[PDB]
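The chain below stands alone and is given as structure tokens, in the form deposited in one PDB entry.
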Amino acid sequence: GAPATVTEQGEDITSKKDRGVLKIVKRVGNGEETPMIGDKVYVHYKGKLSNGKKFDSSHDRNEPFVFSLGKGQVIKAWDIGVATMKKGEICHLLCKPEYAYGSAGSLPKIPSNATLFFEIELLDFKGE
């Protein structure tokens, strides 16, 4: 399925080239511009654990998730991966724990040492 495909066929987007964050573009977005550090970014997402359980979805809440890019407000895989996206793009990201919640995990649903799969849509980005 999609997690296996990104694991085996995804592109390493890390600057370290350590395969910690792998990406596949699923829906090509608009234009060429990617968001800037500090921009307000608006995303829809769904996350799954490696055991197949869905742990989060903004679609289910009927509102996007909003954060300032490149500020550590989200897991490192999201700062790195959203910075590569175009407006309107949908991608899959596979996130090793070193780019996610590490040995701590995150209650209630994310265990220690968890590799995470996301589908992310970049809805919009705005500076000031």
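Residue numbers run from 1 along the displayed sequence. What we label the rigid core is the largest C-alpha set whose atoms superpose within 1.5 Å from one form to the other.
When the other structures are laid on the shown form by the core, the C-alphas of 106 to 114 and 19 to 27 differ in how far they drift in 4 other deposited structures of this protein; the larger average drift belongs to 106 to 114.
With 96 to 104 and 48 to 56 as candidates, the stretch whose CA atoms show the greater average offset from this form in 4 other deposited structures of this protein after a core fit is 48 to 56. Looking at 58 to 66 and 85 to 93 together, the entry lists the larger mean B-factor for 58 to 66, computed on C-alpha atoms. As the entry records it, the average C-alpha temperature factor is higher for 103 to 111, out of 103 to 111 and 18 to 26.
In the PDB entry, a CA B factor belonging to the middle third of its chain's modelled residues is recorded for residue 76.
Another form exists, deposited with a small molecule bound; not displayed. Remarks below refer to it.
In the bound PDB entry, at least one heavy atom of residue 48 sits within 4.5 Å of the small molecule. Contact check for residue 66: a heavy atom falls within 4.5 Å of the small molecule in the bound PDB entry. The small molecule is not drawn, but in the bound PDB entry it has no heavy atom within 4.5 Å of residue 113. Put simply, residue 73 is close to the small molecule in the bound PDB entry: some heavy atom of it is within 4.5 Å.
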